[PDB]
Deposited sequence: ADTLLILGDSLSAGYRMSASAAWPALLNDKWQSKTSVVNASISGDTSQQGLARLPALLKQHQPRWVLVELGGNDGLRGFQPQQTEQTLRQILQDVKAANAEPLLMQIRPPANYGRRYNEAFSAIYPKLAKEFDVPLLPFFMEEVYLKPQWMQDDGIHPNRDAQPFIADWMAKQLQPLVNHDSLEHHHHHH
């Protein structure tokens, strides 16, 4: 089976829950045909993900790499321009490893400021166009509509949400991984 590497933060690693409870594990279970390797770490900024990428590509030799990063950059002092360059590098590295990067749109909280939010959000469509890659919608948009799937911080999806995110992701990824 080919390998799909998930390079994400808390949203893919699972916030305050075990690896087996996070949606990537459920997806892996749902899929013998495709191996889903979760290389996500709670709190990771795009830079921290990029730092771990080289070893991951060499060790896992993935055919596809889902990039779900950037949400932690704002609070970590990174300007939209820095997030853009970091993601650009990640996409470059993924392609150079003969893997297909699958980028996911990320949306920061509204209390971050319109100036930042507009610039930040624009990063994703720009890179997807620049590298001609798939741009998946932010999976949390659907989760936000179900308070019963949100943890207390109003930021991370809870345990009950994972199976649904896994199904949602399976649907989005199906066409991309054949």
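J.: Which parts of the deposited sequence lack C-alpha coordinates in this model? Number from residue 1, please.
T.: Absent from the structure are positions 32, 180-190.
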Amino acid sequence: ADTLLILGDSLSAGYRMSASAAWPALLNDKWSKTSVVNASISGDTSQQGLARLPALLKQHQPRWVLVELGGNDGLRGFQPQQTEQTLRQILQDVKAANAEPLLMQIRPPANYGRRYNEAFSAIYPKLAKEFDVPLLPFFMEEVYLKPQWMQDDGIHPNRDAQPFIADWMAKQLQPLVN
From here on, numbers count along this sequence of modelled residues.
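J.: On mean Cα temperature factor in this entry, is 166-174 or 9-17 the higher one?
T.: Averaged over C-alpha atoms, the B-factors run higher in 166-174.
J.: When the C-alpha temperature factors are averaged for each of 46-54 and 116-124, which stretch ends up with the higher value in the entry?
T.: According to the PDB entry, the answer is 116-124.
J.: Choose from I106, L102, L87, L75 the residue with the greatest Cα B-factor as stated in the PDB record.
T.: Reading the PDB entry, the winner on C-alpha B-factor is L75.
J.: For the CA B factor values reported in this entry, which option in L135, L27, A110, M140 has the top one?
T.: Going by the entry's C-alpha B-factors, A110 comes out highest.
J.: Split the chain's modelled residues into thirds by Cα B-factor; is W64 in the lowest, middle or highest one?
T.: As the PDB entry reports it, the C-alpha B-factor of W64 lands in the middle third of its chain.
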